[PDB]
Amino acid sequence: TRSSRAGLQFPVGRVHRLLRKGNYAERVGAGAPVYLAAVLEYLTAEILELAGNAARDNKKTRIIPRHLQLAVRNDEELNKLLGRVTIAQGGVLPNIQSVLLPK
């Protein structure tokens, strides 16, 4: 497949399809859905790697929303990228202002 030739798990054909169907331009360049698919897989791998770390740092074998939230909020760059995003059931990063803690 197109994704095989690109070394990707993400569907290059679907991405191409959605580029055309979402009325983004009259035309799609042959490289465009490969590039975009690669970027989406990269970002997915980043979150899944850090979330799996948080899951395993808690001796858990499964990623749940909490772990995606922990991973995103502890990575300065993902946290900025998903700054206006609510991860349902993610809770908050545990953190108490230092002034509220016993001296």
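Definition used throughout: the rigid core is the maximal C-alpha set that superposes within 1.5 Å between two forms. Residue indices: 1-based, along the sequence shown.
Averaged as a root mean square over residues and superposed structures in 4 other deposited structures of this protein, CA distances to the shown form are larger in 76-84; the pair compared was 21-29 and 76-84 with a core fit. Looking at 20-28 and 88-96 together, the entry lists the larger mean B-factor for 20-28, computed on C-alpha atoms. Averaged over their C-alpha atoms, the temperature factors of 51-59 and 64-72 are higher for 51-59. Looking at the C-alpha B-factors along this chain, the one for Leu36 belongs to the middle third.
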